[PDB]
Amino acid sequence: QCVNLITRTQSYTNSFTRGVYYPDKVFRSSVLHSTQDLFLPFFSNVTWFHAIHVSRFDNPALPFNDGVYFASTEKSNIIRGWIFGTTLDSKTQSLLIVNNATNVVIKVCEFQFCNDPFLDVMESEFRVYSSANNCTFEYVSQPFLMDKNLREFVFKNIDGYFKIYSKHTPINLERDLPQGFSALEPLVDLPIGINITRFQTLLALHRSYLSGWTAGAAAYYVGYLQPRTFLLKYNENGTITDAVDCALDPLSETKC
Amino acid sequence: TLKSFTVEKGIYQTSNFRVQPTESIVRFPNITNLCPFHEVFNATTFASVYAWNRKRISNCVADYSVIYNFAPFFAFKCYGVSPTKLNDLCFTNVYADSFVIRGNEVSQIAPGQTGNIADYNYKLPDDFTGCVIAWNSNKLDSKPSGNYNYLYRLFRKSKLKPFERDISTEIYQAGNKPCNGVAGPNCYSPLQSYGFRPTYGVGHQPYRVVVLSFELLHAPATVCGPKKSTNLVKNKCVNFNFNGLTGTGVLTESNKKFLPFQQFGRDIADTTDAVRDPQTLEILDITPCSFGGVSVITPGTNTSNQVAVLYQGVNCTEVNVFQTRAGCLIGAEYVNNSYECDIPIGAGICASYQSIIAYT
Ligand SMILES: *[C@@H]1O[C@H](CO)[C@@H](O[C@@H]2O[C@H](CO)[C@@H](O)[C@H](O)[C@H]2NC(C)=O)[C@H](O)[C@H]1NC(C)=O
Ligand SMILES: *[C@@H]1O[C@H](CO)[C@@H](O)[C@H](O)[C@H]1NC(C)=O
Ligand SMILES: *[C@@H]1O[C@H](CO)[C@@H](O)[C@H](O)[C@H]1NC(C)=O
Ligand SMILES: *[C@@H]1O[C@H](CO)[C@@H](O)[C@H](O)[C@H]1NC(C)=O
Ligand SMILES: *[C@@H]1O[C@H](CO)[C@@H](O)[C@H](O)[C@H]1NC(C)=O
Ligand SMILES: *[C@@H]1O[C@H](CO)[C@@H](O)[C@H](O)[C@H]1NC(C)=O
Ligand SMILES: *[C@@H]1O[C@H](CO)[C@@H](O)[C@H](O)[C@H]1NC(C)=O
């Protein structure tokens, strides 16, 4: 039941200081800690994708690279999860993250994914994949897409563990990648142990019931993590309130 | 320390005082999400040996004690691992294979064995790491009319490879002439029925066999034995094992408000100063046990053999006892009178021999 419904346009924006996350689970209070990890560089080039369905294949699969920074200002219902893998077909294992209001289901199976996968609303996953076989992992938990509000995620695939970091930062009229620092709390660490080189975003489409699906638009930001050394400021309560990217400029390098 | 039998008058730093650990405290997260052994070793219906049931086991805690106490076992043979160590071992994947065979053939379910079952129904590799478990099932699987729902493969063209299953019912062709898919002379259907009856001899009574195969792969191992909660003791110097982080320290109450993800805490100098208990979500201030520099204050040996001991940096309540800023001085009596310094104790305190006295 694979159908091509989504067309995608892309623009370029500034990362500013977004994408900082807690590098470890260690509590640190009132200290400056320098860590070398996969971080999104400050003021880096971030791609803004507009996905439009109006009532051909124009929604290509993005490369995962070394990790992905994801942001969206859209409401929770429109964007429903992500797809991770290498070949995105039956031959290799793949990771599917699907959110619905009650809960989140994270499941790793041999999905034969469609070229333009989308969740259609009861909710059916037939559009997302034709078949799933040899399924080896399932994790069900409270959802992380809940209800203006910018939702930020960081995905890393390090040493056989899929680390997911998230933050929910409210924003006003100001541009969707805001100024300031919102540290991303570690959310879910999964021992998937699979190779991930490509990823795709999942959108939700409503049936028209009158042009099979209702017209929709979704805007999201994708940035790529790079191996970088950061200096993080831990306040009295253990929150990361500030950071400097050491390699970005001489002043920050001196600070580092 | 001085490598001499005569000691000149003075204070000599000779040893380091330590508070020995009294108890061992291991705190691990609550046992939960146990592997479903109760659905493998206690099933209403088992499977035929030809169509042997395989359950993959992953992402759970392996409590083998329930397996141990389920029933009296005719064989609990374990190949390549000892039975006791299983709980303390963690494996990447556990495969549970369940089938019913006659008792005589239980011996065939082992590496290096031959028979109808080994060649054509279930085969174990020579290097197999796992255990084979068998128990009598007369009540569950025997009927007086005869239980004809358990089948075995008697005829196959080639021997089975290890961990292989054949579900084909194709007529076995033992003769040059084609069978044509209809049973005929010299053509025999491969699957035969195990006609179990309650009055059969022990060799032929139905036995339920579960084979546990343990495999380790490059992926992180997610099936490991139960973690002991033990108990938590506070306000004393106890060796602590918290989630695989080890040390020796007192665990005092903590005023630090951790964020929910955070589990451990560190100092400015990257030394652990706090921890979150796995069993109960509370924060504890880890403080290492008291240490001191033991210094011996003595006059010349020829004059006297009396000595006094200074514990540097140690309060007197944690070890002629006097408390000084330098530490606790034992064996010297404080005198209000002031004299010139003879043996320096530090912090304005000096010692002299007149017994040994300490003074400002
Ligand atoms: C949201 O997702 C959850 C999990 O996939 C769904 O909950 C399951 O619903 C099925 C019905 O087909 C039940 O058999 C399961 O027992 C449910 N599981 C849990 C953990 O509740 C839920 O139905 C979905 N809701 C919508 C509106 O799609
Ligand atoms: C971002 O990348 C695009 C093409 O990849 C480029 O045209 C644009 O100049 C870049 N933005 C900045 C600020 O350099
Ligand atoms: C994957 O599925 C196919 C068909 O279902 C099967 O032949 C193959 O053995 C399976 N592989 C694993 C590792 O389960
Ligand atoms: C991961 O997948 C890519 C894309 O197929 C492949 O080139 C690479 O060799 C894979 N890595 C490993 C370790 O197999
Ligand atoms: C930290 O926690 C204290 C105690 O709850 C609180 O008063 C304070 O506002 C918090 N934030 C900062 C930045 O100190
Ligand atoms: C095991 O089997 C017996 C047989 O009747 C049953 O009474 C018991 O409840 C079973 N136990 C479990 C844990 O399934
Ligand atoms: C673990 O057990 C303790 C005591 O039984 C209980 O208070 C706690 O809620 C349990 N769960 C966790 C996650 O600590």
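Under the condition of being under 24 Å from B:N305 (Cβ atoms) and either surrounded by fewer than 18 Cβ atoms within 10 Å (Cβ to Cβ) or over 58 Å from the mean Cα position of the chain (by Cα) (or both), the residues counted in segment B:347-356 number 3. Which residue, of A:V154, A:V108, A:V140, is within 16 Å of ligand 4 (Cβ to nearest atom), within 14 Å of chain B (Cβ to nearest Cβ) and outside any loop (DSSP other than H, G, I, E, B)? Being within 16 Å of ligand 4 (Cβ to nearest atom), within 14 Å of chain B (Cβ to nearest Cβ) and outside any loop (DSSP other than H, G, I, E, B) holds for just one of A:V154, A:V108, A:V140, which is A:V108. The set of residues from segment B:130-189 being of a type in the set (A, V, I, L, M, F, W, C) and more than 29 Å from B:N93 (Cα to Cα) comprises B:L140, B:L154, B:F155, B:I171, B:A174, B:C179, B:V182, B:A183, B:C187. Here is the figure for segment A:27-85: residues that are among the acidic types (D, E) and within 15 Å of the chain's Cα centre (by Cα) total 2.
Could you tell me whether segment B:227-247 includes any residue that is in contact with a helix residue (DSSP H, G or I) (Cβ under 7 Å, 6 or more places away or on another chain), away from chain A (no Cβ under 14 Å) and within 23 Å of B:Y95 (Cα to Cα)? There is no residue in segment B:227-247 that is in contact with a helix residue (DSSP H, G or I) (Cβ under 7 Å, 6 or more places away or on another chain), away from chain A (no Cβ under 14 Å) and within 23 Å of B:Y95 (Cα to Cα).
I'm checking my understanding of the structure. Among residues of segment B:32-68 that are β-branched (V, I, T) and within 23 Å of B:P278 (Cα to Cα), which one is farthest from ligand 1 (Cβ to nearest atom)? Only one residue tops the list, namely B:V61. Here A:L202 fits the description: in a strand (DSSP E or B), within 16 Å of ligand 1 (Cβ to nearest atom) and closer than 22 Å to A:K75 by Cα.
Of all residues in segment B:20-45, those that are assigned to a loop (DSSP other than H, G, I, E, B) and in contact with a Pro (Cβ under 9 Å, 6 or more places away or on another chain) total 4. Comparison of B:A326, B:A274, B:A308 shows that the only residue that is in contact with a strand residue (DSSP E or B) (Cβ under 8 Å, 6 or more places away or on another chain) and within 26 Å of B:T6 (Cα to Cα) is B:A308.
Residues considered: A:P178, A:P227. Of these, the only one that is in contact with a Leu (Cβ under 8 Å, 6 or more places away or on another chain), in a strand (DSSP E or B), of a type outside the set (D, E, K, R) and over 30 Å from A:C109 (Cβ atoms) is A:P227. Residues in segment B:260-274 that are at the interface with chain A (Cβ under 7 Å from one of its Cβ atoms) and surrounded by 14 or more Cβ atoms within 10 Å (Cβ to Cβ): B:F261, B:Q262, B:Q263, B:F264, B:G265, B:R266, B:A274.
In the condition set (1) crowded, with 16+ Cβ neighbours inside 10 Å; (2) more than 28 Å from B:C90 (Cα to Cα); (3) within 13 Å of chain A (Cβ to nearest Cβ), B:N255 is compliant with all but (1).
Of all residues in segment A:24-40, none are within 16 Å of ligand 2 (Cβ to nearest atom) and in a strand (DSSP E or B). Do you know which of the residues in segment B:253-269 that are in a strand (DSSP E or B), of a type outside the set (F, W, Y) and under 17 Å from A:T239 (Cβ atoms) is nearest to ligand 5 (Cβ to nearest atom)? Top of the filtered list is B:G265. Report the residue count in segment A:26-77 for those that are on the phi < 0 side of the Ramachandran plot and within 14 Å of chain B (Cβ to nearest Cβ). Counting residues in segment A:26-77 that are on the phi < 0 side of the Ramachandran plot and within 14 Å of chain B (Cβ to nearest Cβ) gives 9. Just one of the listed residues (A:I164, A:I240, A:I196) is surrounded by 17 or more Cβ atoms within 10 Å (Cβ to Cβ) and within 16 Å of ligand 4 (Cβ to nearest atom), namely A:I196. Counting only strands (runs of 3 or more DSSP E) that sit wholly inside segment A:44-95, those with at least 2 residues that are among the polar types (S, T, N, Q) and more than 16 Å from ligand 6 (Cβ to nearest atom) are A:45-53. When restricted to residues that are surrounded by fewer than 18 Cβ atoms within 10 Å (Cβ to Cβ) and either part of a helix (DSSP H, G or I) or touching a helix residue (DSSP H, G or I) at 6+ places or on another chain (Cβ under 6 Å) (or both), segment B:104-115 contains 3.
Please note: Cβ atoms are built from the backbone with ideal geometry, for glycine as well, and neighbour counts cover all protein chains shown. Quick note: the coordinates plus some simple rules give every number you see, no bench work behind them.
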